[PDB]
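Enquirer:
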Amino acid sequence: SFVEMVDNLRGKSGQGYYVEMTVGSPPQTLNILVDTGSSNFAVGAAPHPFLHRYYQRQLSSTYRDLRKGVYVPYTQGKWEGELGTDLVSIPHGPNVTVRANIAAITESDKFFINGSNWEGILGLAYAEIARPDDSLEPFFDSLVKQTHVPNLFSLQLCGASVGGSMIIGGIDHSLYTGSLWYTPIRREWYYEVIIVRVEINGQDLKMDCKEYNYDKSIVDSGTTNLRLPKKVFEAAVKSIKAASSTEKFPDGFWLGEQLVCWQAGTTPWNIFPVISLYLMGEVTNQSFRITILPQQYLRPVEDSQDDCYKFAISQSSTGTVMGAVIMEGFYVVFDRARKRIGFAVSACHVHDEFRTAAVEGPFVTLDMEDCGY
Ligand SMILES: CCCc1cc(CNC[C@@H](O)[C@@H]2C[C@H](C)CCCCCCOCC(=O)N(C)[C@@H](C)C(=O)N2)n[nH]1
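The sequence shown lines up with residues -2 to 157, 169 to 311, 315 to 384 when you count with the authors' numbering.
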């Protein structure tokens, strides 16, 4: 039944993926960013320079005011607003209508993006990280309780402006090739996973695997970059520098600040390494790996005809984040019902002429529990 939802995501590179929703009676139409790294459903509800439209509570007969305040500070950007409920639908989703919590955003700082074309956010993680506290039932929890939609969804994010699919309630088998590989959701707050091994161009980073998950590892469609803990970031960048030392880059390129540009079609893909992340498997001493190409972590940006890119691996102090750059080209199943996350090569996967992004296993990996922090 899922063909209806295929290709229901749009977006600009670096600006997230959104799906179309309606809120209120009569339905008000809004483009809503899909974020697996937060748990609040919130929409613009007041004029803003960057908003093309917004939720108008006064015009919805089914709007109910909860008369509680709310704010969410993300890793970057934040908003505050008023809690309420209203009827919500997803036109290119399941044919259902749910009464859901909505945060009507009244003030924001570094949240809305100039010309981004979305006006709100759909936090698909668990109640445990919802603001103001875990009693605000997240949207997807409301969907499963009030309807027959099965308790899972999948994300196919495609690279470059960009599009993809969010299959709500199941898995669409025409969206991926090969097998799905599953990793346990370590704890139901973020979508937390355990990275057990890291390789760059086949060479093991040889760190205590706890460093990869310090203090957590999450799968986050609302973050653009692969973000790494300080110690792991340094090892990775030192390794990517040595692999690409045939050319010289400003020390501000490795910090994500400056671009790098090449004459179009002359991007030296072969001098940047592939990165392999090994994730804990479903059986004892078993793992699998995802391999990332430079076409994923060198994110294309707008300028000439030179091809320009920003380095989309950045340093973190709140753990590893497998952002949109990692998820591009994979089909990712958020199997909440079975507390696991599946990866497979997407139908829109990233490959150059000599290397290919992959999802391969099984691997044997010893002492995987020691990798949790
Ligand atoms: C109450 C939860 C608190 C909590 C969750 C997280 C982890 N998950 C973070 C994501 O929810 C947000 C979501 C975004 C703010 C949504 C708007 C921007 C969309 C694309 C822009 O991409 C830039 C980027 O990568 N941003 C901004 C990240 C650093 C970032 O903060 N992303 N930390 N804290």
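Beta carbons: idealized from backbone N, C-alpha and C, even for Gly.
Taking Cβ positions, are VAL31 and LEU6 nearer each other than 8 Å?
Expert: Locating residue 31 in the sequence shown gives position 34, counting from the first residue. Locating residue 6 in the sequence shown gives position 9, counting from the first residue. It is a contact, given that the beta carbons lie within the stated cut-off.
Enquirer: Indicate the three-state DSSP secondary structure (helix, strand or coil) for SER315 in the structure shown.
Expert: The count along the sequence shown starts at 1 and reaches residue 315 at position 304. Coil at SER315, not helix or strand.
Enquirer: Spell out a yes or no on whether the region 104 to 122 and the region 4 to 24 are touching, meaning 3 or more CB-CB pairs, one atom from each, closer than 8 Å.
Expert: The answer is yes - the region 4 to 24 touches the region 104 to 122, with three or more Cβ pairs under 8 Å.
Enquirer: Assess contact between the region 248 to 259 and the region 358 to 366, defined as three or more Cβ pairs (one per stretch) separated by less than 8 Å. Is contact present?
Expert: They do not touch, by the three-pair rule.
Enquirer: What would DSSP say about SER36, mapped onto helix, strand or coil?
Expert: Within the sequence shown, residue 36 is the residue found at index 39, counting from 1. Three-state result, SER36: coil.
Enquirer: Relative to the C-alpha of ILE102, which residue among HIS89, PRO88, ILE118, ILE87 is closest?
Expert: Taking the sequence shown and counting its residues from 1, the one referred to as residue 102 is at position 105. Of the candidates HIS89, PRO88, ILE118, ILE87, the one whose C-alpha sits nearest the C-alpha of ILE102 is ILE118.
Enquirer: If you drop the 5 nearest sequence neighbours on each side, which residues of the same chain put their C-beta closer than 8 Å to that of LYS218?
Expert: Sequence index remark: in the sequence shown, residue 218 carries index 210 (1-based). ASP381, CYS382, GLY383, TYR384, listed in sequence order.
Enquirer: What does the Cβ neighbour count give for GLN153, buried or exposed, with the cut at 16 atoms within 10 Å?
Expert: Stepping through the sequence shown from its first residue, residue 153 is reached at position 156. Looking at its Cβ environment, which holds 16 or more other Cβ atoms inside 10 Å, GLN153 is buried.
Enquirer: Starting from the C-beta of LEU48, find all residues in its chain whose C-beta is less than 7 Å away, skip the five residues before and the five after it, and write them out in chain order.
Expert: Taking the sequence shown and counting its residues from 1, the one referred to as residue 48 is at position 51. Taken in chain order, the residues that qualify are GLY41, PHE109, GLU116.
Enquirer: Please classify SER169 as buried or exposed, where buried requires at least 16 neighbouring CB atoms within 10 angstroms.
Expert: Locating residue 169 in the sequence shown gives position 161, where the first residue counts as 1. Answer is exposed; the Cβ neighbour count stays below 16.
Enquirer: Helix, strand or coil for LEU140 per DSSP?
Expert: Residue mapping note: residue 140 aligns to position 143 of the sequence shown, counting from 1. Helix.
Enquirer: So, is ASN293 buried or exposed, given that buried needs 16 or more other C-beta atoms within 10 angstroms?
Expert: Residue numbering aside, residue 293 sits at position 285 when the sequence shown is read from its first letter. Exposed: under 16 other Cβ atoms inside 10 Å.
Enquirer: Within 10 angstroms of its Cβ, does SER325 collect 16 or more other Cβ (buried), or is it exposed?
Expert: Start at 1 with the first residue of the sequence shown, and residue 325 comes out as number 314. The residue is buried, with at least 16 neighbouring Cβ atoms inside 10 Å.
Enquirer: With a CB to CB cut of under 7 Å and the five nearest residues on each side skipped, what residues in its chain are close to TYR60?
Expert: Within the sequence shown, numbered from 1, the residue matching residue 60 stands at position 63. Result list for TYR60: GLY21, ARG54, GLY81, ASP83, in chain order.
Enquirer: So, for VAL344: in the same chain, excluding its five sequence neighbours on each side, which residues have a beta-carbon less than 7 Å away from its beta-carbon?
Expert: Position 333 of the sequence shown holds residue 344. Hits under 7 Å: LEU149, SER151, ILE179, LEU188, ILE352, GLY353.
Enquirer: If I'm right that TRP197 touches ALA100 with Cβ under 8 Å, what's the distance once you round it to whole angstroms?
Expert: Stepping through the sequence shown from its first residue, residue 197 is reached at position 189. Stepping through the sequence shown from its first residue, residue 100 is reached at position 103. Actually they do not touch by this definition, with Cβ atoms about 19 Å apart.
Enquirer: The alpha helix (DSSP H) that contains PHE365, what's its start and end?
Expert: Here residue 365 refers to the residue found at position 354 when the sequence shown is read from its first residue. Unbroken run through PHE365: none, as it is neither H nor E.
Enquirer: Do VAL141 and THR376 have their beta-carbon atoms positioned less than 8 Å apart in this structure?
Expert: Stepping through the sequence shown from its first residue, residue 376 is reached at position 365. Stepping through the sequence shown from its first residue, residue 141 is reached at position 144. Contact: no.
Enquirer: If you measure between the beta carbons of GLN316 and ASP363, is that distance less than 8 Å?
Expert: Reading the sequence shown from its first residue, position 305 is the one you call residue 316. Reading the sequence shown from its first residue, position 352 is the one you call residue 363. No; because the gap between Cβ atoms is not below 8 Å, this pair is not in contact.
Enquirer: Using a Cβ-Cβ cut-off of 6 Å (strictly less than) and excluding sequence neighbours within five positions of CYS269, which residues of its own chain qualify?
Expert: For the purposes of this step, residue 269 is taken as residue 261 along the sequence shown, with counting starting at 1. The residues are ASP317, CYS319.
Enquirer: Hey, quick one: how far does the alpha helix (DSSP H) through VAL0 stretch, first residue to last?
Expert: Here residue 0 refers to the residue found at position 3 when the sequence shown is read from its first residue. Neither: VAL0 is in no alpha helix (DSSP H) and is coded neither H nor E.
Enquirer: What do you get for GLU125, buried or exposed, if any count of 16 or more other CB atoms within 10 angstroms of its CB means buried?
Expert: The residue labelled residue 125 in the question sits at position 128 within the sequence shown. Looking at its Cβ environment, which holds fewer than 16 other Cβ atoms inside 10 Å, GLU125 is exposed.
Enquirer: From which residue to which residue does the beta strand (DSSP E) around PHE150 run?
Expert: Working through the sequence shown from its first residue, we reach residue 150 at position 153. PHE150 -> beta strand (DSSP E) spans 150 to 154.
Enquirer: Per DSSP, what kind of secondary structure is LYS224 in: helix, strand or coil?
Expert: By 1-based counting over the sequence shown, the position of residue 224 is 216. Of the three classes helix, strand and coil, the one that applies to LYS224 here is coil, per DSSP.
Enquirer: Can you name the start and end residues of the alpha helix (DSSP H) that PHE241 belongs to?
Expert: As a first step, residue 241 must be located in the sequence shown, where it is residue number 233. It spans 238 to 251 - the alpha helix (DSSP H) in which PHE241 sits, taken as one unbroken run.
Enquirer: So does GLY117 have its beta carbon nearer than 7 Å to some heavy atom of ligand 1?
Expert: To locate residue 117, count along the sequence shown from 1; it is residue 120. Not under cutoff, so the answer is no.
Enquirer: Since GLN326 is in the beta strand (DSSP E), which residue starts that stretch and which ends it?
Expert: Position 315 of the sequence shown, counted from the start, is the residue given in the question as residue 326. From DSSP, the beta strand (DSSP E) with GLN326 extends over 324 to 327.
Enquirer: Helix or strand or just coil, what does DSSP make of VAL146?
Expert: Position 149 of the sequence shown holds residue 146. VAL146 falls in the coil class under three-state DSSP.
Enquirer: Does the beta-carbon of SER284 have 16 or more other beta-carbons within 10 angstroms, so that it is buried, or is it exposed?
Expert: Taking the sequence shown and counting its residues from 1, the one referred to as residue 284 is at position 276. By the neighbour-count rule (16 or more Cβ atoms within 10 Å), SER284 is buried.
Enquirer: Under the three-state reduction of DSSP, which class applies to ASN233: helix, strand or coil?
Expert: Walking along the sequence shown from the start, residue 233 turns up at place 225. Note: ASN233 maps to coil in three-state DSSP.
Enquirer: Assuming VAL93 is part of the beta strand (DSSP E), what are its boundary residues?
Expert: Here residue 93 refers to the residue found at position 96 when the sequence shown is read from its first residue. Careful: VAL93 lies outside any beta strand (DSSP E) and carries neither H nor E.
Enquirer: Put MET18 into one of helix, strand or coil per three-state DSSP.
Expert: The count along the sequence shown starts at 1 and reaches residue 18 at position 21. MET18: strand per DSSP, three-state reduction.
Enquirer: Apart from the five residues just before and just after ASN209, which ones in its own chain have a Cβ nearer than 7 Å to its Cβ?
Expert: Looking up residue 209 in the sequence shown gives position 201. Excluding positions up to five away in sequence, the list reads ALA251, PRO281, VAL282.
Enquirer: Using alpha carbons as the reference points, say which of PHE136, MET338, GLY172 lies closest to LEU234.
Expert: Numbered from 1 along the sequence shown, position 226 holds the residue referred to as residue 234. Measuring from the Cα of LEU234, the nearest candidate turns out to be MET338.
Enquirer: So what's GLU265 in DSSP terms, helix, strand or just coil?
Expert: Locating residue 265 in the sequence shown gives position 257, where the first residue counts as 1. If DSSP states are grouped into helix, strand and coil, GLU265 belongs with coil.
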